[PDB]
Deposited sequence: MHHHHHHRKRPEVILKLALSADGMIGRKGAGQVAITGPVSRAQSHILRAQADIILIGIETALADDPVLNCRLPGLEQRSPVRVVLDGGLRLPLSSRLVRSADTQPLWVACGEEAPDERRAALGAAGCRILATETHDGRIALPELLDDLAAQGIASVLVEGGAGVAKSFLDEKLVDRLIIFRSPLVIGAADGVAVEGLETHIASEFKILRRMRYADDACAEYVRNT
């Protein structure tokens, strides 16, 4: 089973996004550099389809001299809903892109993505513990999960996270329009210990490791 790092981008008041939208922007320079370093140290970067649709991300490493360390990308996409116009699918020849779906997605979206250069990854029931067993059989030693609320909650609830890194924006979103990861603080309290805390308000970061 690969080492699993979950990286979360939160607002100052602990929200993982605005209702109906994508991820919280992290803008401090130390946090942005560390963010790209995590990608270079990972074998795989994993996100959910909900994040892919809302943010249209690329998930490559952009530190000068480290672009060749851009990891394999995995999208958890039960319905093979990934747009062929996405930045992800359109960079599939220049960086690996694996789309995880089970024996349920229609062959026409299965065939269109494969012809565009995506590898289609077979999964059970979506079963996170033996997706990580499957990912490990294919040579992966470390997975970086860049979650929205869905992937973050599911990985934590199933207790599959080894290290947790939380970047906190200085800006407040508000409970009226914010989405939180529910159970985040109780999981940290129950299962994690703090390792380092960066206290600059424009560049705030907290790192945790799972309890011994």
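**Student:** Going by C-alpha coordinates, which parts of the deposited sequence are missing from this model?
**Tutor:** Since the structure holds only modelled residues, the stretches it omits are 1-9, 135-138.
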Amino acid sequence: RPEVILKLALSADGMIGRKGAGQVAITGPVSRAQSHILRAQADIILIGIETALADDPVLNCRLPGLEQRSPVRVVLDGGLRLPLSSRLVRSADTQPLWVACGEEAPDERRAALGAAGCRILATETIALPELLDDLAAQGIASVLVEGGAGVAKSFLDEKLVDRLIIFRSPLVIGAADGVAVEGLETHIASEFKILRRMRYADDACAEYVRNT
From here on, numbers count along this sequence of modelled residues.
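**Student:** Would you determine, from the values in the PDB entry, which of 13-21 and 188-196 has the greater average C-alpha temperature factor?
**Tutor:** It is 13-21 that shows the higher mean C-alpha B-factor.
**Student:** Which is higher on average in the deposited entry, the C-alpha temperature factors of 80-88 or of 101-109?
**Tutor:** Stretch with the higher mean C-alpha B-factor: 101-109.
**Student:** Based on the PDB record, which member of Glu146, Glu182, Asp162, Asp43 exhibits the highest Cα temperature factor?
**Tutor:** Highest C-alpha B-factor among the listed options: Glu182.
**Student:** Once the chain's modelled residues are ordered by C-alpha B factor and cut into thirds, is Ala141 in the lowest, middle or highest one?
**Tutor:** Tercile = lowest for this residue's CA B-factor.
**Student:** Comparing against every modelled residue in the chain, figure out the third that the C-alpha B-factor of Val30 lands in (lowest, middle or highest).
**Tutor:** Within its chain, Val30 is a middle-third residue by C-alpha B-factor, going by the deposited values.
**Student:** Split the chain's modelled residues into thirds by Cα B-factor; is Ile37 in the lowest, middle or highest one?
**Tutor:** Answer is lowest: the recorded C-alpha B-factor places it there.
**Student:** Looking at the C-alpha B-factor of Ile47, is it in the lowest, middle or highest third of its chain?
**Tutor:** Lowest third.
**Student:** Which third, lowest, middle or highest, does the C-alpha temperature factor of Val151 belong to within its own chain?
**Tutor:** Middle third.
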